[PDB]
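Trainee: This is the structure, below, for whatever I ask next.
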Amino acid sequence: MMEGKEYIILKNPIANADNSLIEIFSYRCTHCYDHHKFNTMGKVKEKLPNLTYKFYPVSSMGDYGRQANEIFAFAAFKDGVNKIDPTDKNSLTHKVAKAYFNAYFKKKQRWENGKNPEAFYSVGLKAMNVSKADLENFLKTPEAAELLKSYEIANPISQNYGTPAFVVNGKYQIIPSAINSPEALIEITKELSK
C-alpha cells in the first residue's frame with residue numbers, strides 16, 4: 001500500500017478504466033504465458049467479482065505485435081458481445097492467447113520472422129473460429145478503432161517493468177517485486193481499487 005514499493009502511479013493513465021484490473025501482456029512473453037497457464041487474472045476475478053478485467057496486448061513486442069493487437073481486439077469485442085469475461089477459460093480471449101502461447105513457446109513457431117502474417121493471423125482466426133473476412137470487416141468498425149487506440153498505452157506501460165504488467169483502475173501499476181503470490185496480487189488490487 002505504499003507508492004514505490006507496492007505500486008507506481010502511471011504518468012499517463014489508461015482511459016476509461018475505473019474499477020478495473022488490466023493485464024498488459026504479449027504473446028511472446030514467457031511470464032505472460034505462466035500467468036495464463038495458472039489463470040492469474042481469473043483468480044483475481046473470483047475474489048473481486050465486481051471489477052472489470054481486461055487484457056491489453058503490447059503491439060511493440062514480437063514480429064507480429066501489431067497483428068496480434070488486431071486479433072485480440074476482435075476477441076475482446078466478441079467476448080464483450082457474448083458477455084463472457086476474458087478471464088474465463090472459455091472466452092475467445094483465452095482461446096486466442098492459449099493458441100498463440102502454444103504456438104510461440106511450445107511449437108517454437110516464428111512464422112518466418114514477420115514475412116508470413118497470413119500464417120500468424122490464421123492461428124488466432126482458427127482459435128476464434130472466424131474467417132479473415134470477419135476480421136477485416138471488424139477492423140473497419142469504430143469499435144475496432146477504439147480498442148486498438150486503447151491498446152496503444154500498453155507500449156509505454158510495458159517499458160516500466162516489462163510484461164506482464166498489472167494496472168489497477170487505470171492509474172497504478174503494481175510493482176512486480178511486490179507480487180509474490182496471487183494472494184498478494186488480490187490483496188494489492190483490492191486495496192488499490194477502492
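Each chain of the C-alpha cells is named A, B, ... in the order shown, its residues numbered from 1; ligands are numbered from 1 in display order.
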What are the nearest atom pairs, with distances in Å to one decimal, for all residues of region 49-131 of chain A that come at most 9 Å from region 150-155 of chain A, using only C-alpha atoms, set out by chain and rising residue number as a Markdown table?

Mentor:
```
| residue | atom | partner | partner_atom | distance |
| --- | --- | --- | --- | --- |
| A:55 | CA | A:151 | CA | 9.0 |
| A:56 | CA | A:151 | CA | 5.5 |
| A:57 | CA | A:151 | CA | 6.5 |
| A:58 | CA | A:154 | CA | 5.3 |
| A:59 | CA | A:155 | CA | 6.7 |
| A:60 | CA | A:155 | CA | 6.2 |
| A:61 | CA | A:155 | CA | 8.3 |
| A:69 | CA | A:151 | CA | 7.5 |
| A:73 | CA | A:151 | CA | 8.6 |
```

Trainee: Please, could you write that set of residues out with N, CA and C atoms as a PDB file, in the first residue's frame?

Mentor:
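Generated output (again24.pdb):
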```pdb
ATOM      1  N   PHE A  55      -7.387  -7.363 -20.948  1.00  0.00           N
ATOM      2  CA  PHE A  55      -6.048  -7.726 -21.389  1.00  0.00           C
ATOM      3  C   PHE A  55      -5.693  -6.777 -22.516  1.00  0.00           C
ATOM      4  N   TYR A  56      -4.603  -6.065 -22.343  1.00  0.00           N
ATOM      5  CA  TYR A  56      -4.100  -5.118 -23.317  1.00  0.00           C
ATOM      6  C   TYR A  56      -2.847  -5.722 -23.926  1.00  0.00           C
ATOM      7  N   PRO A  57      -2.862  -6.131 -25.186  1.00  0.00           N
ATOM      8  CA  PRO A  57      -1.639  -6.614 -25.825  1.00  0.00           C
ATOM      9  C   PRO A  57      -0.701  -5.469 -26.174  1.00  0.00           C
ATOM     10  N   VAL A  58       0.585  -5.802 -26.267  1.00  0.00           N
ATOM     11  CA  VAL A  58       1.671  -4.846 -26.486  1.00  0.00           C
ATOM     12  C   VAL A  58       2.071  -4.953 -27.946  1.00  0.00           C
ATOM     13  N   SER A  59       1.695  -3.974 -28.759  1.00  0.00           N
ATOM     14  CA  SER A  59       1.988  -4.116 -30.173  1.00  0.00           C
ATOM     15  C   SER A  59       3.473  -4.012 -30.472  1.00  0.00           C
ATOM     16  N   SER A  60       4.250  -3.356 -29.616  1.00  0.00           N
ATOM     17  CA  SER A  60       5.655  -3.175 -29.950  1.00  0.00           C
ATOM     18  C   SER A  60       6.488  -4.422 -29.688  1.00  0.00           C
ATOM     19  N   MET A  61       5.921  -5.461 -29.104  1.00  0.00           N
ATOM     20  CA  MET A  61       6.667  -6.681 -28.823  1.00  0.00           C
ATOM     21  C   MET A  61       6.401  -7.764 -29.864  1.00  0.00           C
ATOM     22  N   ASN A  69      -2.471  -7.403 -31.882  1.00  0.00           N
ATOM     23  CA  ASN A  69      -3.402  -6.412 -31.356  1.00  0.00           C
ATOM     24  C   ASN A  69      -4.758  -6.510 -32.052  1.00  0.00           C
ATOM     25  N   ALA A  73      -8.076  -7.547 -30.210  1.00  0.00           N
ATOM     26  CA  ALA A  73      -9.174  -6.585 -30.171  1.00  0.00           C
ATOM     27  C   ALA A  73     -10.467  -7.243 -30.633  1.00  0.00           C
TER      28      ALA A  73
END
```

Trainee: For region 117-131 of chain A, please output as a compact mmCIF listing (two decimals) with C-alpha atoms, in the first residue's frame all residues within 10 Å (counting only C-alpha atoms; exclusion window: fewer than 5 positions along the same chain).

Mentor:
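Output file result.txt follows:
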```
# COMPACT_ATOMS: atom_id res chain seq x y z
CA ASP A 63 7.45 -9.52 -35.04
CA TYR A 64 3.64 -9.65 -35.11
CA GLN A 67 -1.30 -8.15 -35.98
CA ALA A 68 -1.81 -9.66 -32.51
CA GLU A 70 -5.99 -6.77 -34.15
CA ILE A 71 -6.82 -10.36 -33.29
CA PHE A 72 -7.02 -9.67 -29.56
CA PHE A 74 -11.54 -8.80 -32.17
CA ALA A 75 -11.61 -11.42 -29.39
CA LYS A 78 -16.71 -10.63 -29.35
CA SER A 91 -13.57 -16.84 -23.67
CA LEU A 92 -12.24 -16.06 -27.10
CA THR A 93 -9.51 -14.02 -25.42
CA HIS A 94 -8.34 -17.08 -23.51
CA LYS A 95 -8.66 -19.38 -26.50
CA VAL A 96 -6.69 -16.92 -28.66
CA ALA A 97 -3.94 -16.39 -26.06
CA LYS A 98 -3.66 -20.15 -25.50
CA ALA A 99 -3.23 -20.75 -29.22
CA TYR A 100 -0.53 -18.11 -29.65
CA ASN A 102 1.19 -22.69 -27.51
CA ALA A 103 2.46 -21.80 -30.98
CA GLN A 109 6.79 -21.18 -34.32
CA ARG A 110 8.02 -17.83 -35.63
CA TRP A 111 6.02 -17.58 -38.91
CA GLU A 112 9.09 -16.65 -40.97
CA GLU A 136 -11.22 -7.39 -41.99
CA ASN A 137 -14.83 -6.33 -41.51
```

Trainee: Any idea what's packed within 7 Å of residue 53 (chain A), counting only C-alpha atoms, ignoring anything in its chain fewer than 3 positions away? Could you give it as a list in words?

Mentor: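 These residues fall inside the cut-off: residues 20, 21 and 22 of chain A.
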
Trainee: Can you check which residues of region 2-42 of chain A DSSP gives as strand (DSSP E or B) on the backbone and send them as a list in words?

Mentor: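 Selecting the strand (DSSP E or B) positions of region 2-42 of chain A gives residues 3, 7, 8, 9, 20, 21, 22, 23, 24 and 25 of chain A.
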
Trainee: I need the chosen residues saved as a CSV table (one decimal), in the first residue's frame, with N, CA, C and O atoms.

Mentor:
```csv
chain,number,residue,atom,x,y,z
A,3,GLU,N,3.4,3.8,-2.4
A,3,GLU,CA,3.9,4.2,-3.7
A,3,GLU,C,5.4,4.0,-3.7
A,3,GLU,O,6.1,4.3,-2.8
A,7,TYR,N,3.4,-0.2,-5.7
A,7,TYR,CA,2.8,0.3,-6.9
A,7,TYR,C,3.5,1.6,-7.3
A,7,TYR,O,4.1,2.3,-6.4
A,8,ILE,N,3.4,2.0,-8.5
A,8,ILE,CA,3.8,3.3,-9.0
A,8,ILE,C,2.5,3.9,-9.6
A,8,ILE,O,1.5,3.2,-10.0
A,9,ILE,N,2.5,5.2,-9.7
A,9,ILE,CA,1.4,5.9,-10.3
A,9,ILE,C,1.8,6.2,-11.8
A,9,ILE,O,2.8,6.8,-12.0
A,20,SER,N,-11.1,-1.5,-12.3
A,20,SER,CA,-10.6,-2.5,-13.3
A,20,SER,C,-9.2,-3.0,-12.8
A,20,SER,O,-8.4,-2.3,-12.2
A,21,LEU,N,-9.0,-4.2,-13.2
A,21,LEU,CA,-7.6,-4.7,-13.2
A,21,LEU,C,-7.3,-5.1,-14.7
A,21,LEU,O,-8.0,-5.8,-15.3
A,22,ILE,N,-6.2,-4.5,-15.2
A,22,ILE,CA,-5.9,-4.7,-16.6
A,22,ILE,C,-4.5,-5.4,-16.7
A,22,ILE,O,-3.6,-4.9,-16.0
A,23,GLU,N,-4.4,-6.4,-17.4
A,23,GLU,CA,-3.1,-7.1,-17.6
A,23,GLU,C,-2.5,-6.7,-19.0
A,23,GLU,O,-3.2,-7.0,-20.0
A,24,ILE,N,-1.4,-6.0,-19.0
A,24,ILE,CA,-0.7,-5.7,-20.2
A,24,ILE,C,0.2,-6.9,-20.5
A,24,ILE,O,1.0,-7.2,-19.6
A,25,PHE,N,0.1,-7.4,-21.7
A,25,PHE,CA,0.8,-8.7,-22.0
A,25,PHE,C,1.3,-8.7,-23.4
A,25,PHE,O,0.9,-7.9,-24.3
```

Trainee: Contacts of residue 178 (chain A) at 12 Å or less, counting only C-alpha atoms, minus same-chain residues fewer than 6 places along, as a PyMOL selection string?

Mentor: chain A and resi 1-8+165-166+184-189

Trainee: Within region 30-142 of chain A, find each residue whose DSSP state, derived from the backbone, is alpha helix (DSSP H), and express the selection as a ChimeraX atom specification.

Mentor: /A:30-37,40-47,65-82,92-101,117-128,132-139,142

Trainee: Of the candidates A:13, A:176, A:149, A:86, which shows the shortest atom-to-atom distance to residue 162 (chain A), using only C-alpha atoms?

Mentor: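 Among the listed residues, A:176 lies closest to residue 162 (chain A).
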
Trainee: Compare A:82, A:145, A:54, A:35 by their minimum atom-to-atom distance to residue 179 (chain A), counting only C-alpha atoms, and give me the closest one.

Mentor: A:35

Trainee: Of the residues A:192, A:28, A:10, A:106, which is the one nearest to residue 161 (chain A), using only C-alpha atoms?

Mentor: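 Residue with the minimum atom-to-atom distance to residue 161 (chain A): A:10.
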
Trainee: Would you work out the distance separating CA of residue 159 (chain A) from CA of residue 39 (chain A), expressed in Å to one decimal?

Mentor: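 Those two atoms sit 23.3 Å apart.
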
Trainee: Could you work out how far CA of residue 18 (chain A) lies from CA of residue 173 (chain A), giving the answer in Å with one decimal?

Mentor: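 Calculated distance between CA of residue 173 (chain A) and CA of residue 18 (chain A) is 13.6 Å.
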
Trainee: Closest to residue 171 (chain A) among A:80, A:193, A:45, A:101, using only C-alpha atoms?

Mentor: A:193
